[PDB]
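Chains as they are written, first to last, in the entry's author numbering: chain D, 32 to 123; chain H, 33 to 124; chain F, 19 to 102; chain B, 23 to 100; chain C, 12 to 117; chain G, 15 to 118; chain E, 38 to 137; chain A, 38 to 136. Before any comments, here is the structure.
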Amino acid sequence: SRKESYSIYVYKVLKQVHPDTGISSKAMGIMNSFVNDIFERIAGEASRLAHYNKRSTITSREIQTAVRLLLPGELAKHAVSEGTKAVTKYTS
Amino acid sequence: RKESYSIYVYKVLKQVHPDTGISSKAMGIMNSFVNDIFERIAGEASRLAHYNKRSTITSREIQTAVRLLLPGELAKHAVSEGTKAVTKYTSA
Amino acid sequence: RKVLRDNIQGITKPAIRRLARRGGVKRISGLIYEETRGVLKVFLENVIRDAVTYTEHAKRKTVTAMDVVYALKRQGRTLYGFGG
Amino acid sequence: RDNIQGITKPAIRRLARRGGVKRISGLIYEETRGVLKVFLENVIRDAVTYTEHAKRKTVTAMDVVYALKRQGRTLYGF
Amino acid sequence: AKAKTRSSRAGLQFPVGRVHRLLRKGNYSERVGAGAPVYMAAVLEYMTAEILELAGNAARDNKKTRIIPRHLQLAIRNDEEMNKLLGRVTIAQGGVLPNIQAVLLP
Amino acid sequence: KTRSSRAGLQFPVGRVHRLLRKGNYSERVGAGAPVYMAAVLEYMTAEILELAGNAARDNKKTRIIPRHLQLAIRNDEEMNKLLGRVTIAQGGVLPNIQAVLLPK
Amino acid sequence: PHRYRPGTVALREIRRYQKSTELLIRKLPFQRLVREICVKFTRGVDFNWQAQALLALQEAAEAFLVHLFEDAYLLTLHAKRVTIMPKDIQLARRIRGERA
Amino acid sequence: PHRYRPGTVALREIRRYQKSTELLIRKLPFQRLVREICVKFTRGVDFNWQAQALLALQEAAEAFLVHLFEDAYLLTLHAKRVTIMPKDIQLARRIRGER
DNA sequence: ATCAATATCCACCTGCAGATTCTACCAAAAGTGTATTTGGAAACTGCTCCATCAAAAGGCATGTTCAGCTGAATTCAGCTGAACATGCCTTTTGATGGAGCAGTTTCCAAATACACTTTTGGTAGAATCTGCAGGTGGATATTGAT
DNA sequence: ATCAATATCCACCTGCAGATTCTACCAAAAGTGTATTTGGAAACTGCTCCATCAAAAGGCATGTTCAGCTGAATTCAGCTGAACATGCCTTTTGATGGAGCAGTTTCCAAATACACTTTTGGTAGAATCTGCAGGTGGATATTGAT
């Protein structure tokens, strides 16, 4: 039956940054590959971080360090800024 | 309280070169090597089990992980030895 | 009138020149086409070996796109656009 | 003096000799210091990132091995 | 009491719950903390936003309203960081950057 | 009565099982998997110590040192390919001077 | 009779094919090669190929060849030549790590 | 008075240093460079370094420089030169993927 | 060739620092038995999707000829980089002081997992909508000849 | 330079294939209460590493001279590209059978969880091995002037 993807969320963000702009299905496929790739890279690094320090929990501290090791430069600064803001606004 | 593969490396060393020793730095190299080989095989087996939506890593995933990560003759020998060890273990 | 007996010869000279043009190559030696076929064959042999291994581990007999994507991944190449 | 200049001509020539280089241009040494600086910057940034995740103030050999691992280099012996 | 998504309370579009599941399901660690999927979802949303901004810009430069893989490829390789991050990534039907080296020119 | 004993191996089948369960690879670890893994680890260790000892003897030394391991790796086609991105601390390089470089 | 100088058509083709994304190898010869190579590994039992699997492999293969051409040609210019030769491709392969 | 032809000693040195495994940059300048780079990156926090961390970093940096020299020198020979030059290193780096 | 100059090879030697062996007692993993839970194979099964066969039809590949352009080969002069000597200066070695910083145990609050149903939100077709592919033409730009 | 030939650029158009919108049912996220864990705080070791201070100790910086290497210049035979002419090979909808692949059940061999007795592998000392470095001398080997 079902195959889930990030299509709906990619589309919401797309309409947020280019409202009159659409996207083809092939472009949507490479966007799903990209989102799965970033997630696997971050989660893999977070898993390794937690393992090195003999902890069994992946927390936002591990996600944030994983971002800082895997993303280049300014992308990393923005990404940790946005994640930090999300966790702050979520606690409420 | 800090474990390694030294004892086992030395056992195998004495089986294949009985008159031969090994300095502590070369033993460190050997320990890194075994952790690297283990990490590679286990990683590929983990991914194989994920791709097929199975939750168990069996010797079948190990054997496929070997056939994907080792080159040629090393894989041929390695699968022979793994098959023989597991068969001989099955016989109690 | 000459007829094909090796499939790699189906990779024709003009196809290889189109690839080389996409790579910005301006002048091509005539020895390039068989060198390129050799390189391509080796690339295909490795990737297909790995993809078929992924197939036979899944107890399947149809190579899927994900088999190929996983094979490329295991050769250090990430292919986007076929996880659908 | 400058700290990068402590990596001297003869050292860089010994490295090139291990690399089988028979003749060296006089411009090579400043290029090599540039390259070595870039390499050390990346490896040290990541190693300190790993240390500082562990709430330590001593970067270990394992931090450095992990840094090299995350840029594709596997170091044996630590 | 009525329910609001974790994405609602974090201020995001990406599915916090689904991300949390993907963290539990992927065998990364025995336990996953509460903020980890919030943080992960935010990063994914940001990355998606950045790549869609660059890809949309390429779409406009080629007088198109629809993003196609070609625009995603141009977005990647024209951006220093995006190019470094996705250096080993092939975009099916993406082509290459128009690039002729100076020597080749008449 | 060890699992290694009735597996016929020197490498510790139990410890491999523990490192597989504790390493976050999968929720369940089968029975034959750690046996097979230990068998491979032993075989791989075996071939590499065999080659490295041979190099130690070629230098008429009795003790394996990192140099002998480096020579073992880079002189063997398949090992060298498998450990291609691996650095051996104080291993040095293979003696190799290009032909164009030697006089006359 | 009008006829272009050697290299003018070459430059025009470079611009042409760098603006496009189409696959440059014909589908059928490539897939026939693929299935022939595949039959070697299987001992002669035969596997089917999803259409998407074949076009995924062709995308990857063509991207690989184009990028190898980019690197090799850098080496060509480095030898102060303009014609790609097999040694340029072999040397690029060795430096990438593929036959190092 | 005895004098070797240019290239004879250089070949002798290639053989010497390809036979050896010692670190070839002297320890203290290298470690001073690393501590300078690290203090620069921590933006004023100062970390200490296990002896083994400094020696691991030096083993890796030297293996990296040696292999960069091998590759770049392949490019040198390809240009039918014998003198390694900066453009050889720059091109080798562009082709490996390091930029 | 001849020989002189210099370097490297090879056989010794014997301590000393590093490797090996040994004794130990100990948590600590590994093994065992048992009491359950479960994941995954076997057995259909409906149903896509993959293979194949049709043979036209145009879209490309192939082969030849000829112009002109390149890679290879050769020479040579200026100058860059190698070789070699000295002397001092930065590094290496060894101990030393002690500050700070890892590493170990041990409580407990806080954070996470678990298990029970409640609500949706996301997916999958089906029904609407529309941007772009492929074809055409005119204008611009580029090229080649003189 | 002009002047002609040719190609590429760029916008038009319309119908349809692909995109977007729309509708509904259930996997799955959310809620609440509850029942394990954990990772952290606090607290005394001990390393470990940073700073220092000598003096021994080799290695780096500096200078001089010339070999021979790089970059420039020149030639030419063969090779590669451009252009054109045929003929084949890949493309292209359709059709059909069916292979093989998801989707569902049903359990049962296999894995997990818990609470037990034992065996092993790691550490700290220590005794006891040896291998190899470093130093010496003399035997071949390599290089270079002639």
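Beta carbons: idealized from backbone N, C-alpha and C, even for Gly.
Residue i burial status per 10 Å Cβ neighbour count (16 or more: buried)
| i | result |
| --- | --- |
| residue 85 of chain D | exposed |
| residue 124 of chain H | exposed |
| residue 41 of chain A | exposed |
| residue 73 of chain B | buried |
| residue 114 of chain D | buried |
| residue 85 of chain E | exposed |
| residue 39 of chain H | exposed |
| residue 33 of chain E | Here chain E covers residues 38 to 137 and nothing more, so residue 33 of chain E does not appear. |
| residue 12 of chain C | exposed |
| residue 57 of chain D | buried |
| residue 83 of chain A | exposed |
| residue 100 of chain C | buried |
| residue 113 of chain C | exposed |
| residue 41 of chain D | buried |
Alpha-carbon to alpha-carbon, residue j and residue i
| i | j | result |
| --- | --- | --- |
| residue 31 of chain G | residue 71 of chain D | 25 Å |
| residue 126 of chain H | residue 95 of chain H | The structure shown does not extend to residue 126 of chain H, since chain H is modelled only from 33 through 124, so no value can be given for it. |
| residue 75 of chain B | residue 105 of chain D | 20 Å |
| residue 96 of chain C | residue 80 of chain A | 25 Å |
| residue 83 of chain D | residue 85 of chain B | 9 Å |
| residue 111 of chain C | residue 30 of chain B | 39 Å |
| residue 67 of chain H | residue 53 of chain B | 36 Å |
| residue 71 of chain B | residue 88 of chain E | 45 Å |
| residue 28 of chain B | residue 34 of chain C | 48 Å |
| residue 26 of chain F | residue 56 of chain F | 9 Å |
| residue 20 of chain E | residue 93 of chain H | Lying before the first or after the last residue shown, residue 20 of chain E is absent from chain E, which here runs from 38 to 137. |
| residue 78 of chain H | residue 40 of chain C | 13 Å |
| residue 129 of chain A | residue 60 of chain B | 15 Å |
| residue 57 of chain G | residue 69 of chain B | 33 Å |
| residue 98 of chain A | residue 71 of chain C | 45 Å |
| residue 62 of chain F | residue 59 of chain E | 20 Å |
| residue 70 of chain A | residue 78 of chain B | 22 Å |
| residue 65 of chain D | residue 47 of chain D | 19 Å |
| residue 117 of chain C | residue 46 of chain E | 12 Å |
| residue 80 of chain C | residue 102 of chain E | 19 Å |
| residue 121 of chain H | residue 107 of chain H | 21 Å |
| residue 103 of chain G | residue 110 of chain A | 23 Å |
N- and C-terminal bounds of the alpha helix (DSSP H) containing residue i
| i | result |
| --- | --- |
| residue 62 of chain G | 46-72 |
| residue 96 of chain B | That residue, residue 96 of chain B, is in no alpha helix (DSSP H); its beta strand (DSSP E) goes 96-98. |
| residue 48 of chain H | 38-48 |
| residue 46 of chain A | 45-56 |
| residue 91 of chain G | 91-96 |
| residue 35 of chain D | Run containing residue 35 of chain D: none; DSSP gives neither H nor E here. |
| residue 119 of chain A | From DSSP, residue 119 of chain A is part of no alpha helix (DSSP H); its letter is neither H nor E. |
| residue 77 of chain A | 64-78 |
| residue 68 of chain H | 56-83 |
Residue i, enclosing beta strand (DSSP E) - first and last residue
| i | result |
| --- | --- |
| residue 142 of chain G | The structure shown does not extend to residue 142 of chain G, since chain G is modelled only from 15 to 118, so the question has no answer here. |
Open item on the list: With three or more C-beta pairs closer than 8 Å as the rule, is the segment 75-90 of chain C touching the segment 47-61 of chain D?
Closed with: yes
Task: Validate contact between the segment 40-58 of chain A and the segment 39-56 of chain B using beta carbons, cut 8 Å, 3 pairs - done: yes
TODO: Decide yes or no for the touch test of the segment 45-55 of chain C against the segment 13-22 of chain C: beta carbon pairs closer than 8 Å, at least 3 of them.
DONE: yes
- [ ] Evaluate contact between the segment 110-117 of chain E and the segment 104-116 of chain A, counting only Cβ atoms and requiring at least three cross-stretch pairs below 8 Å.
- [x] yes
Task: Given 8 Å, three or more beta-carbon pairs between the segment 93-101 of chain F and the segment 93-113 of chain E - done: For the pair of segments examined, the segment 93-101 of chain F was found to touch the segment 93-113 of chain E: the number of CB pairs separated by less than 8 Å reaches three.
Task: Touching by the beta-carbon criterion (3+ pairs, under 8 Å), the segment 56-68 of chain G and the segment 78-95 of chain G - done: yes
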